[PDB]
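Take a look at the structure below.
When we count neighbours, we look across all protein chains shown, and the Cβ atoms used for this are built from the backbone with ideal geometry, even at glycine. Values in this text are rule-based calculations from the coordinates and carry no lab data.
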There are 4 protein chains.
Amino acid sequence: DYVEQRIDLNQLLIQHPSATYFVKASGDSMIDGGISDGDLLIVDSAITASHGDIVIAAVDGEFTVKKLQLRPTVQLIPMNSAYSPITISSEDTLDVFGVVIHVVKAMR
Amino acid sequence: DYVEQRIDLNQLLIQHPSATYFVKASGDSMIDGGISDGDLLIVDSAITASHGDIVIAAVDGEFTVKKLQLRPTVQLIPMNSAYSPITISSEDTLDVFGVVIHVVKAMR
Amino acid sequence: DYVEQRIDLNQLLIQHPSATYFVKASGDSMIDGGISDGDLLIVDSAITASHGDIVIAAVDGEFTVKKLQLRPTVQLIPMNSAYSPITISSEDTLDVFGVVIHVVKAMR
Amino acid sequence: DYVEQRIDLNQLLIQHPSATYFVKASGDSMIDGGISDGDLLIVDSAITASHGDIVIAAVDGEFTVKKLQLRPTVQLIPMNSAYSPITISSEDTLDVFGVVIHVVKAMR
């Protein structure tokens, strides 16, 4: 007879469970990226950030969810035409805490 | 000492696990709604559809993910200015298979 | 005198009316099975799928009408020599929505 | 003759340099604790949080600097009579990112 394999979102969405956590998006600096105020960002800290990845980082002691740009220069760029990029020069401190792998949007 | 309580997406996102399943969105008839081609739609079939809910439905034997409109007339309307609404008259058969509660977008 | 008992297709073809629905076949992956593009598949969801039954299922969020194979391994196999079987391994999710009990072919 | 051994703040203040970072304090929910808006909090993530420790934590996806209370119940309590405690029940998710070991106040 057939057996219904019940849905398991951790197996489907999470690769490294012991290093995965969720951060709630704030503001609309990343709306064009699909990230809106209130959404859940599933963050994996066991994977190393690359050019293009959206990361949870701390610039000069302040956290933000931005798109990592390593070339031509290290920068944290938004995905909203109204916001401006953040350059990471030598007097600044960049700290990446994980790569956002999924965005969970609620509908009701 | 303190002990970390690991993330559990099922507890966080699913209410009726025995009647919840995921459908993969197709095309872009629902982009303004936040649903894009490829996204996972978490569907709950244990809740009854209401006006405004985004549902997985079959109209005349063909499946679709659309927004249910019961007033002023029963219709399945997209969320893309380029697509047109579907009226459900008496010669047509509507069949709702569940309400989309969350959209999981991947960021790689 | 004789009384003509008018034809009633629901009584003749449908066993569980409250759980029976119709899906329109797509493509020709099941032509050898007698299912062709456009035909109506009368689906009963109140009956549990067995080896050999033709089912409406969702594999990784995508719907299909295929023949259920449980032995020697779970597989969704077509009925067209040109199409290839689908194995349902542990990283995959199978979801059966009902057993096709009849096929309605139109003639004009 | 005598040779002066220059000051080194890392040797003096940091124990695990590979897991130490600085977070800039926000608001005044922790003023009685000596932490004021703008101060640098030197955070060590290589040490496990205990009752009484001031930690950098994320409750339901939102970051905060609070005092960890494990007894009688797990709570995140401020150090400002005007703010109220945060209980961490089962429907809530606590995530500790490190213990604050020092507060650097600037005098200009």
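Residue by residue through the stretch A:32-42, note down the ones that are at negative phi and either away from chain D (no Cβ under 14 Å) or touching a strand residue (DSSP E or B) at 6+ places or on another chain (Cβ under 8 Å) (or both).
Going residue by residue through the stretch A:32-42, those that are at negative phi are A:32-33, A:35-37, A:39-42.
Of everything in the stretch A:32-42, those that are at negative phi and either away from chain D (no Cβ under 14 Å) or touching a strand residue (DSSP E or B) at 6+ places or on another chain (Cβ under 8 Å) (or both) turn out to be A:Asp32, A:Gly33, A:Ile35, A:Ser36, A:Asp39, A:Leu40, A:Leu41, A:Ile42.
More than 16 Å from the chain's Cα centre (by Cα) and either farther than 30 Å from C:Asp39 by Cβ or more than 14 Å from chain C (Cβ to nearest Cβ) (or both): is that true of B:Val3 in this structure? Can you show your working first?
Working: more than 16 Å from the chain's Cα centre (by Cα): yes; either farther than 30 Å from C:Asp39 by Cβ or more than 14 Å from chain C (Cβ to nearest Cβ) (or both): yes.
In short, yes.
Hey, among A:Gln5, A:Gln15, which residue is surrounded by fewer than 20 Cβ atoms within 10 Å (Cβ to Cβ) and in contact (Cβ under 8 Å) with a residue 60 or more places away in the chain? Don't jump to the end; show me each part of the working.
Details: A:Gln5 fails: in contact (Cβ under 8 Å) with a residue 60 or more places away in the chain.
Just a single option satisfies the conditions, and that option is A:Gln15.
Which of the residues that make up the stretch D:38-70 are touching a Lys or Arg at 6+ places or on another chain (Cβ under 6 Å) and either without any contact (Cβ under 8 Å) to a residue 40 or more places away in the chain or assigned to a loop (DSSP other than H, G, I, E, B) (or both)?
Passing the criteria: D:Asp39, D:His51, D:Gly61, D:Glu62.
Please pick out the residue among A:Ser29, A:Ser18, A:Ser45 that is of a type in the set (S, T, N, Q), within 14 Å of chain D (Cβ to nearest Cβ) and either out of contact with any strand residue (DSSP E or B) (no Cβ under 7 Å at 6 or more places or on another chain) or closer than 26 Å to C:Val59 by Cβ (or both).
On the way: A:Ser29 fails: within 14 Å of chain D (Cβ to nearest Cβ); A:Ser45 fails: either out of contact with any strand residue (DSSP E or B) (no Cβ under 7 Å at 6 or more places or on another chain) or closer than 26 Å to C:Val59 by Cβ (or both).
Only one candidate passes the filter, namely A:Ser18.
Residues that are surrounded by fewer than 15 Cβ atoms within 10 Å (Cβ to Cβ) and under 12 Å from the mean Cα position of the chain (by Cα): does the stretch C:64-87 have at least one?
No.
Here's a check for you: in the stretch A:71-108, which residue that is assigned to a loop (DSSP other than H, G, I, E, B), within 14 Å of chain B (Cβ to nearest Cβ) and of a type in the set (A, V, I, L, M, F, W, C) is nearest to B:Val43 (Cα to Cα)?
Initially, the stretch A:71-108 is screened for residues assigned to a loop (DSSP other than H, G, I, E, B), giving A:71-74, A:78-85, A:88-93, A:107-108.
Among the residues that remain, those that are also within 14 Å of chain B (Cβ to nearest Cβ) are: A:79, A:107-108.
Now narrow it down to the ones that are of a type in the set (A, V, I, L, M, F, W, C): A:79, A:107.
On the way: A:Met79: 29, A:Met107: 11 Å.
Ranking the qualifying residues of the stretch A:71-108, first place goes to A:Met107.
Considering each of C:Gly34, C:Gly27 in turn, give the residue that is more than 22 Å from A:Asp1 (Cα to Cα), surrounded by fewer than 18 Cβ atoms within 10 Å (Cβ to Cβ) and touching a residue at least 60 places away in the same chain (Cβ under 8 Å). Write out each step before concluding.
On the way: C:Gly27 fails: touching a residue at least 60 places away in the same chain (Cβ under 8 Å).
Just a single option satisfies the conditions, and that option is C:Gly34.
Of all residues being of a type in the set (A, V, I, L, M) and away from chain C (no Cβ under 14 Å) in the stretch B:48-61, which is surrounded by the fewest Cβ atoms within 10 Å (Cβ to Cβ)? Just the residue, please.
Narrowing the stretch B:48-61 to residues of a type in the set (A, V, I, L, M): B:49, B:54-59.
In the following step, the residues that additionally are away from chain C (no Cβ under 14 Å) were identified as B:49, B:54-55.
Working: B:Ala49: 18, B:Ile54: 23, B:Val55: 22.
Result: B:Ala49.
Does the stretch D:71-108 hold any residues that are of a type in the set (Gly, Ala, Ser) and touching a residue at least 12 places away in the same chain (Cβ under 8 Å), and which are they? Walk me through it before giving the result.
At the first step, the residues of the stretch D:71-108 found to be of a type in the set (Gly, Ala, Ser) are D:81-82, D:84, D:89-90, D:98, D:106.
Result: D:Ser81, D:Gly98, D:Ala106.
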